[PDB]
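A short worksheet on the structure shown next.
Basis: the model, the stated rules and, where named, an outside source; none is laboratory data. Methodologically, a virtual Cβ is constructed for each residue, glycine included, from the backbone with ideal geometry; neighbour enumeration extends over all protein chains shown.
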Amino acid sequence: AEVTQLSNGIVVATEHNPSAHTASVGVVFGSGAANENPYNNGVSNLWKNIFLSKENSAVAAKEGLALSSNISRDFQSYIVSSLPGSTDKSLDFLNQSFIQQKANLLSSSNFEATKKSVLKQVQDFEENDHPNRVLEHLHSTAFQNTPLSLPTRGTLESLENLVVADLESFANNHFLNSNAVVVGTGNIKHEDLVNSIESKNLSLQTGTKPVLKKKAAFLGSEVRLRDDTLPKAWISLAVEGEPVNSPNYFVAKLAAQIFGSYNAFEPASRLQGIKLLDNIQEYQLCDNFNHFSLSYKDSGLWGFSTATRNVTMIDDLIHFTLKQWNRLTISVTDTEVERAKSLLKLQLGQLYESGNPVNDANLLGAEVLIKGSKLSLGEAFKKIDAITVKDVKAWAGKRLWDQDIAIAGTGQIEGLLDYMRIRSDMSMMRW
Amino acid sequence: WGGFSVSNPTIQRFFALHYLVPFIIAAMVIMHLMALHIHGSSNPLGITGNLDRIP
């Protein structure tokens, strides 16, 4: 399905969907918040809001175009959406506003206003979005003193000292042909997109991105942000996981699907075939939880997140969930593996067939920027169907059984026990 | 004494009491621990210890 060409230093990747009603083109760079430093943290967040500023969007609206941008730890993207008969109109807008003529966007009275608004978005996030700011501190403590520990939005102190010359420095080092992929998804054709870049002579700078010194290194630790005025307790807990291109990439995702997610107020979520629900529903230990498997270029995280109002029984919630992780290493049934196989395929099928061309562009560019190509959905289903119980036991034995953990929490967390008490629950003396 | 001086009646009854009082001591230790569990123990700083506790 997907086609990738290297006509020049830039790479062109596409995904033709003839039964769609929109098209999207854009550029994805192989740099994110992991390519900054504590003192300029949030520069890549400021660049996203410059692309989506009022003056830039007014020009695109008059032509019937919509702008989208996303910042991650390993990549950032700038997308333009349009009707199927106006693909060359979007390529021209991307060229004249981003690839070249970037000084008018970076003008004064536009940098100042955009900077003032981003400072407000960051302050609100740090005071209202408790479940998401806890997951950001989990990265901060698991990979402390490392590129992989910097928040994707920046901090109030990095942004407050950012100045006029700081944004131009970053784009020189990172917005280059060797660091970029041009992506077209929706009702577009590979031949029609390549024939348009070769005519307009589109090209970025011809440098090379700097090479970092350190690498990602997991360290067992914890950070606690207690706040007795909040009504709940939010907690995140994880061990070291798998990076992308790991052989055990789908085993770790299947292992997270065995315990899944839960919502106390949804009647159908209380009937799921998860044995953990039998210990936590009698006394209402939590309101919701979800298990994840995050994968980056160098490392990853594997764990779960919870929000609860039962502040006097937090230890029971942590004790019971970790004792269920113990069964992956020693005793996990065939039915649990077969059920998780069917729910992982459904979950992946929804993510890669959402029908939104903007979502597909982000997933396509990020995959090509690392692996060089993109694995087919049918090929992924074959690998998922081949996992056995012996593969789960081997994986969990080396990653989960008696291993260090990282913990982050906020709210009413007086009932969360010490590190060593929680750490000692990662195995058991009975086996 | 059980008699007119320290003699056989005294020594035999002192051993019976030396067997018994230790079991009374074990009963008052439980009452000792019960009164400690109300407010907990103190600390060398002499101030409240409710802000930082470990199991």
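Which condition number does A:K382 fail, the rest of (1) of a type in the set (K, R); (2) surrounded by fewer than 15 Cβ atoms within 10 Å (Cβ to Cβ); (3) over 29 Å from A:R339 (Cα atoms) being met?
Condition not satisfied by A:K382: (3).
For A:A340, all conditions in the list (1) assigned to a helix (DSSP H, G or I); (2) under 30 Å from A:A180 (Cβ atoms) hold save one; what is the number of the exception?
Result: A:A340 passes all but (2).
Answer yes or no: is there a residue in the stretch A:245-256 that is at positive phi and assigned by CATH to the domain that holds A:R421.
Narrowing the stretch A:245-256 to residues at positive phi: A:245.
Filter once more, so that each one left must be assigned by CATH to the domain that holds A:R421: A:245.
Scanning the stretch A:245-256 turns up at least one residue that is at positive phi and assigned by CATH to the domain that holds A:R421.
For the stretch A:328-340, indicate whether the set of residues that are touching a residue at least 12 places away in the same chain (Cβ under 8 Å) and under 21 Å from the mean Cα position of the chain (by Cα) is non-empty.
No, the stretch A:328-340 contains no residue that is touching a residue at least 12 places away in the same chain (Cβ under 8 Å) and under 21 Å from the mean Cα position of the chain (by Cα).
Give the residues of the stretch A:258-270 that are under 19 Å from A:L317 (Cα atoms) and of a type outside the set (G, A, S), sorted by residue number. Working first, answer last.
First, the residues of the stretch A:258-270 that are under 19 Å from A:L317 (Cα atoms): A:258-265, A:269-270.
Residues satisfying the conditions are A:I258, A:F259, A:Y262, A:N263, A:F265, A:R270.
This table checks each residue for (1) free of Cβ contacts under 8 Å to residues at least 24 places away in the same chain; (2) in contact with a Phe, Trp or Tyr (Cβ under 6 Å, 6 or more places away or on another chain); (3) assigned by CATH to the domain that holds A:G64; (4) not charged (D, E, K, R).
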| site | (1), (2), (3), (4) |
| --- | --- |
| A:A1 | no, no, yes, yes |
| A:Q5 | no, no, yes, yes |
| A:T14 | no, no, yes, yes |
| A:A20 | no, no, yes, yes |
| A:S24 | no, no, yes, yes |
| A:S31 | no, no, yes, yes |
| A:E36 | no, no, yes, no |
| A:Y39 | no, no, yes, yes |
| A:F51 | no, yes, yes, yes |
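This table checks each residue for (1) without any contact (Cβ under 8 Å) to a residue 12 or more places away in the chain; (2) touching a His at 6+ places or on another chain (Cβ under 7 Å); (3) among the hydroxyl-bearing types (S, T, Y); (4) away from chain A (no Cβ under 14 Å).
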{"site": "B:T10", "(1), (2), (3), (4)": "yes, no, yes, yes"}
{"site": "B:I24", "(1), (2), (3), (4)": "yes, no, no, yes"}
{"site": "B:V29", "(1), (2), (3), (4)": "yes, no, no, yes"}
{"site": "B:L33", "(1), (2), (3), (4)": "yes, no, no, yes"}
{"site": "B:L36", "(1), (2), (3), (4)": "yes, no, no, yes"}
{"site": "B:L45", "(1), (2), (3), (4)": "yes, no, no, yes"}
{"site": "B:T48", "(1), (2), (3), (4)": "yes, no, yes, yes"}
{"site": "B:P55", "(1), (2), (3), (4)": "yes, no, no, no"}
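Filtering the stretch A:160-201 down to residues that are in a loop (DSSP other than H, G, I, E, B) and in contact with a strand residue (DSSP E or B) (Cβ under 8 Å, 6 or more places away or on another chain), which residue is surrounded by the most Cβ atoms within 10 Å (Cβ to Cβ)? Show your work before the answer.
At the first step, the residues of the stretch A:160-201 found to be in a loop (DSSP other than H, G, I, E, B) are A:162-163, A:175, A:187-189, A:201.
Next cut, in contact with a strand residue (DSSP E or B) (Cβ under 8 Å, 6 or more places away or on another chain) only: A:175, A:187-189.
Values: A:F175: 22, A:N187: 20, A:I188: 25, A:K189: 16.
By that ranking, first place goes to A:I188.
Quick one: how many residues across the stretch A:5-48 are surrounded by 16 or more Cβ atoms within 10 Å (Cβ to Cβ), over 22 Å from A:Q205 (Cβ atoms) and out of contact with any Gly (no Cβ under 6 Å at 6 or more places or on another chain)?
Result for the stretch A:5-48: 2.
Residue-by-condition table, conditions (1) touching a residue at least 24 places away in the same chain (Cβ under 8 Å); (2) more than 28 Å from A:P147 (Cα to Cα); (3) not in a helix (DSSP H, G or I):
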| site | (1), (2), (3) |
| --- | --- |
| A:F265 | no, yes, yes |
| A:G273 | yes, yes, yes |
| A:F304 | yes, no, yes |
| A:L317 | yes, yes, no |
| A:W325 | yes, yes, no |
| A:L348 | yes, yes, no |
| A:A361 | yes, no, no |
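Would you tally the residues in the stretch A:405-431 being away from chain B (no Cβ under 11 Å), among the charged types (D, E, K, R) and closer than 15 Å to A:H319 by Cα?
Count: 2.
Take the stretch A:220-259 and flag every residue that is within 27 Å of A:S31 (Cβ to Cβ) and surrounded by fewer than 14 Cβ atoms within 10 Å (Cβ to Cβ).
A:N245, A:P247
Just to be sure I understand the filter: pairs with C-beta atoms under 6 Å, separated by 6 or more residues or on different chains, first member in the stretch A:198-215 and in contact (Cβ under 8 Å) with a residue 24 or more places away in the chain and charged (D, E, K, R), second member in a loop (DSSP other than H, G, I, E, B) and surrounded by 10 or more Cβ atoms within 10 Å (Cβ to Cβ). Which pairs pass?
Filtered contacts from the stretch A:198-215: A:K214/A:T146; A:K215/A:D298.
Could you say whether any residue in the stretch A:368-376 is more than 17 Å from A:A1 (Cα to Cα) and either in contact (Cβ under 8 Å) with a residue 12 or more places away in the chain or within 14 Å of chain B (Cβ to nearest Cβ) (or both)?
Taking the stretch A:368-376 as the starting set, the residues that turn out to be more than 17 Å from A:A1 (Cα to Cα) are A:369-370.
Applying the additional criterion that residues be either in contact (Cβ under 8 Å) with a residue 12 or more places away in the chain or within 14 Å of chain B (Cβ to nearest Cβ) (or both) yields A:369-370.
Yes, the stretch A:368-376 has at least one match.
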